[PDB]
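Next up: just one chain, as structure tokens, the form deposited in one PDB entry.
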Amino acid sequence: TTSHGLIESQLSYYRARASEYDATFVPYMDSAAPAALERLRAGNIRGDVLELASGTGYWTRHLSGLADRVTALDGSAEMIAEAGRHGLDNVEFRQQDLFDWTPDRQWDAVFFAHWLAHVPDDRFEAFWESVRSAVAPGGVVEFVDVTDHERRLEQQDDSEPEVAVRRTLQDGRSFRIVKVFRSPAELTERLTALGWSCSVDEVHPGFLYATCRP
């Protein structure tokens, strides 16, 4: 069970971090981006695209050049304000808490970068049900995230794994968030059991890219 207090802490961390977010971005994402981009540019991101947890809009920029229309959901109005600065004409932002979310449309593709590791085990399944209902017939879900090597989990052998890590902002405020590293095989297996077909690959050391078809 992941406490609701961890989940609120994570969203406030990002709320408060939003204005200094780009000063640090996601560690080493800038090293892994061309490798991830080879997958993102493979052609499945097109038509009407949904982006979840769009943050300050780094991925939203790429999604915007590939798609006709982008709908981009983030839990933080602050993040949405920062992303607004990129002036992307074909993008609508909506504030939305992703742990309390029932889509009412469908899109040709759904994309998220570094969101899934902030979804704890006990919410993973309801989150993936809503994504499933968000994807149109013929569409895919793609995402980027951190990964670990397949054997690490057994090397550690922890029956009660630490879901959380603690971060610190420029001004010294301290917040715990969810950070679950999942291997490509562990993700593939779990999503396969929820009815998805998945191609999940480490495309650069420490990063994976996934394509999942409902």
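Think of the rigid core as the biggest set of C-alphas that the two forms share within 1.5 Å after superposition. From 1 onward, residues are counted along the sequence shown.
FYI, the form deposited in another entry isn't displayed, but the following is about it.
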Original post:
Taking the rigid core as reference, which of 33, 187, 177, 26 is displaced at the C-alpha by at least 2 Å between the shown form and the other one?
Top reply: 26
**OP:** Would you say whether residue 167 is displaced between the shown form and the other one, judging by a C-alpha shift of 2 Å or more on the superposed rigid core?
**Re:** yes
Subject >> Inter-Cα distance between residue 28 and residue 21 in that other deposited form, nearer or further [3 Å or more] >> reply: closer
Original post:
Did residue 26 and residue 87 drift closer or farther in that other deposited form, going by a CA distance change of 3 angstroms or more?
Top reply: closer
